[PDB]
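Structure first, then comments.
Quick reminder, even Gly has a Cβ in these numbers, built from the backbone with ideal geometry, and neighbours come from all protein chains shown. Quick note: the coordinates plus some simple rules give every number you see, no bench work behind them.
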Ligand SMILES: *[C@@H]1O[C@H](CO)[C@@H](O)[C@H](O)[C@H]1NC(C)=O
Ligand SMILES: *[C@@H]1O[C@H](CO)[C@@H](O)[C@H](O)[C@H]1NC(C)=O
């Protein structure tokens, strides 16, 4: 109800610098930044830099005043290219006869964007920490080698726009895919 | 607000040669810029995008490169239809700007013109004043001065020498040093001729 | 730096939308709630509908109770060079003449322009220019004086020295 | 697959002038388009770029407090309007798509020759292994000449504009032809110029 600041107190040093200060709860000020607006006539400008110092928090600032009269005082409050997180890919698993992995991605209307794919297959009796981590520069299918003819194995994939002019975080992993023999 | 400047300011070079051009930016670019070609009159065409990749419908003799701000454009081999003005394309940030505009030429083996002269018109003379022409087609280089010796008098007067752009396959110029005079001053004399630079001096012509 | 702008980190698919998520502390929510603001241009801003969430995978904070959300905003255009509770307040008409707190007097060695050492200040001895009957000898007495404005001239006194 | 534009011409200083462009037969859901400027026989100068929902207008130097971009995603129609105009802008204007970090789709553009004067009709005058030509006088730009309505493409080498003493433009165009063809065919230049409405 009353998270507002109180005790808006100001004083003039008697030279060319007014200085004001106010208290505010430490909980509300943690969510919202505030600044001291001043009007030398009834322009509006703000002071900087403001100081700060248990349940309450006192903020103070020194405003230069070269002169004036009645003052109006008040307290008031991302690049796309480098922040990209593509959606996870749709992953399937096929075997001709040899096993060949296949996945699809949301169509980027700027087709020329190179897609960096990181994949990994796992032996069910092992950790992803120590798993084959193969990389690929743009594709939508990868051929796997031969393996143990009776063991169960998992598979996972993630995409990144690891370009040059671009940047961002990887995509969330796909729903893990499994197979055996 | 972003200073984009390309160098050299001009570069002539024969056919089948290696060529280079460079963009310099005031601030960082990472890799956001591009490379444009412009034949005169016609609209600019995209030569190279992303500072290192060629657009579809463009040969591989072109090559782009660079990052940060020290960027380049090299051509491994040149052809005669590569005559145009080349421009840089900002992209890193606003306000988006371009290079100063580089223009190249072609080191063509020296060609000689077959000069012509043509007369005024009666309707033209009837309307008021009159004009007389003189051109040199299929030639190289452009460095060639003219002197109209009408009645052996240097027409230190009203000239107007306009020039065309070089040919696509021929790689040759054509200049038009036009002259002019009133209907009364035209009958003030009878002889009308010209001079030519680069035998070497040649003329052409009274009624 | 406040926690919403510190916890907020927007990513995108660069084709259809932008998915932002942030958090507000539970201690503040009891006081006042906050909303995410997205500006369209210099003159006009625009609000955005948001909702709660269970996790928080993009940012972090050493707080005890947080309220993570998930805001989704759509878009039909993406290019490299793109970059993006209820009324509170208080006012005051402060004339500089009546709100004047002069400086502390510096180095009785004291446009423009007292008590004993052992004795307490609870009822010390009172005191125009900057310069036995007051003290018994062989007894220390601390120096405590400040610069206050003359009543026949407004605001408050200086700091103590 | 090539966008086109229209509007703009000779006009005295201060007066306004609308610019109307148009996309054509692409898959456009939904890319952004910029305006760029080509000064006569000079470099290239950027001007503006709206966006999608008429959100962000961008100008440059002079343009601030003069021109105004506008969005029209409705029927695919980026328009431009400028009020105060002077001979800093006496140039031709290119419309260009902005495919991410670069342009790709380009227009022919239109000339916006700001100036306070009229246009007297020219008077085509002829000129008699040989040659033959066609000359003009008193040409607002531009003026386009067609030798035999697109028949004579080989051996022809026209010249660019050339302003006179007083003085207006006086273009020139010439052709080659052997003495054998002296009297075999009718070599005549069909000329066109919108501002002088000639033909
Ligand atoms: C702030 O919002 C939360 C969730 O909507 C609500 O529980 C709380 O009561 C609100 N606080 C006030 C003061 O309305
Ligand atoms: C200040 O002190 C002087 C003597 O030094 C005295 O005459 C004068 O009345 C005093 N003024 C006030 C306001 O006490």
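In this rough spin-label picture, where each label sits 7 Å from Cα along the Cβ direction, the residue D:192-residue A:124 distance is 7.6 nm.
For the stretch A:56-94, the residues whose backbone nitrogen is under 17 Å from a point 7 Å from the Cα of residue C:39, taken along Cα to Cβ, are A:76-80. Summarised in one figure, the compactness ratio Rg/Rh of chain A, Cα atoms and Kirkwood Rh, is 1.37.
Across q = 0.14 Å⁻¹, chain B modelled as identical point scatterers on its alpha-carbon atoms has Debye log10 I(q)/I(0) values of -0.85, in the order of the q list.
On the principal axes of its alpha carbon atoms, chain C extends 89, 42, 31 Å, with the longest extent given first.
Projection of the Cα convex hull of the stretch B:108-207, averaged over all directions and equal to a quarter of that hull's surface, yields 7.1 nm².
With coordinates expressed along the principal axes, the C-alpha atoms belonging to the stretch D:117-199 extend over 46, 24, 18 Å, beginning with the largest. Size descriptors for the stretch D:72-158: radius of gyration and Dmax over Cα atoms are 19.2, 58 Å. Assuming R0 = 60 Å, what is the FRET efficiency of residue A:46 and residue B:61, from their Cβ-Cβ distance, to the nearest 0.05? That gives a FRET efficiency of 0.55. Between residue A:173 and residue A:134, residue separation times 0.36 nm minus the direct Cα-Cα distance comes to 12.6 nm. Short to long, the 10 Å bins of the Cα pair-distance histogram for the stretch A:79-181 hold 14, 46, 28, 11, 2 percent of all pairs.
Can you pull the semi-axes for the stretch D:1-116, root of five times each eigenvalue of the Cα gyration tensor, sorted largest first, whole Å? It would help to have the intermediate numbers written out before the result.
Details: eigenvalues 107, 43, 35 Å².
With the √(5λ) rule applied to the stretch D:1-116, the semi-axes are 23, 15, 13 Å.
For residue B:169 and residue D:30, a Förster radius of 60 Å and the Cβ-Cβ distance give a FRET efficiency of 0.90, rounded to the nearest 0.05. Can you pull the one-decimal nm distance between simple spin-label points at residue C:30 and residue C:110, each 7 Å off the Cα toward Cβ? Going by the 7 Å Cα→Cβ label model, 5.0 nm.
Based on the Cβ-Cβ distance of residue D:181 and residue D:6, what FRET efficiency does E = 1/(1 + (r/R0)^6) give at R0 = 35 Å, to the nearest 0.05?
Numbers: r = 40 Å, r/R0 = 1.15.
After rounding to 0.05, the efficiency reads 0.30.
When the Cα atoms of chain D are aligned to their principal axes, the ranges along those axes come out at 65, 41, 27 Å in descending order.
Can you show me the helix-derived [θ] at 222 nm for chain C, built from DSSP H runs with n ≥ 4 at -39,500 (n - 2.57) apiece and divided by the number of residues, rounded to the nearest 500. Value at 222 nm, helices only, nearest 500: -1500 deg cm²/dmol. Taken over the C-alpha atoms, the stretch C:3-74 has Rg and Dmax values of 13.0, 38 angstrom.
Sorted into 10 angstrom bins from 0, the C-alpha pair distances of the protein assembly as shown split as 2, 10, 14, 15, 15, 12, 10, 9, 7, 4, 2, 1, 0, 0 percent.
Dividing the convex hull volume of the alpha carbon atoms of the stretch B:1-107 by its residue count, what do you get in Å³ per residue? Kindly include the intermediate steps, with their values, before the conclusion.
Values: hull volume 9.9 nm³, N = 107.
So the per-residue hull volume is 93 Å³.
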